[PDB]
Amino acid sequence: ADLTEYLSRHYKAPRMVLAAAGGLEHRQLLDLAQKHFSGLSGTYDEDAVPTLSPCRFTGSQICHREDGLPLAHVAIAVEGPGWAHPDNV
Amino acid sequence: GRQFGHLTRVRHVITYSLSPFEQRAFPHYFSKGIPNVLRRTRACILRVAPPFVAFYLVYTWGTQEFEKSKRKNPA
């Protein structure tokens, strides 16, 4: 019930993309999309559809001290901007 | 001659820390601070205070006794 609720809420047509690359016409990709995907959100556009909300970055430390392991792993990061931002390049 | 990375062996201990710029220098300074000092005082008063009152009594008596001794009466 947890799993089907997740599926119901999230696997909805405006939120998913049929992608292809290779030896194909776009026309037949479009044809097969109407053939096999068209029963998804023809009247299923309903309920709180579903805003993400910003995540507060902190500036903090987690240190799992284990001297039994032979090499140290360290990852360090500042807060980056999202997908959208020109600053990424 | 002791250096970090050479001190001792520790396994299975996680430490969570926050940046100084994320947090308050005086988090709940009076609300938690006062209850603590009273608790620390209660913990130690019976160990620290009784020699100093014992000084105080011998002080008060000694000064008084010296004062009285350099007076006469029937002579």
# chains A, B, ... in the order shown; residues from 1 in each chain; ligands from 1
>>> interface_residues(of="chain A", to="chain B", cutoff="9 Å", atoms="only C-alpha atoms", output="PyMOL selection string")
chain A and resi 58-68
>>> select_by_dssp(residues="chain A", states="strand (DSSP E)", output="compact mmCIF listing (two decimals) with C-alpha atoms, in the first residue's frame")
# COMPACT_ATOMS: atom_id res chain seq x y z
CA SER A 60 28.80 21.14 9.48
CA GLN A 61 30.84 17.99 10.08
CA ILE A 62 30.21 14.27 10.36
CA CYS A 63 33.22 12.20 11.49
CA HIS A 64 32.90 8.42 11.61
CA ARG A 65 36.18 7.49 13.30
CA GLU A 66 37.18 3.90 12.41
>>> residues_around(residues="residue 17 in chain A", least_positions_apart="6", cutoff="12 Å", atoms="only C-alpha atoms", output="number ranges by chain")
A: 11, 29-30, 33, 37
>>> select_by_dssp(residues="chain A", states="alpha helix (DSSP H)", output="PyMOL selection string")
chain A and resi 2-10+26-36
>>> atom_distance(atom1="CA of residue 82 in chain A", atom2="CA of residue 51 in chain A")
15.8 Å
>>> atom_distance(atom1="CA of residue 54 in chain A", atom2="CA of residue 12 in chain A")
22.0 Å
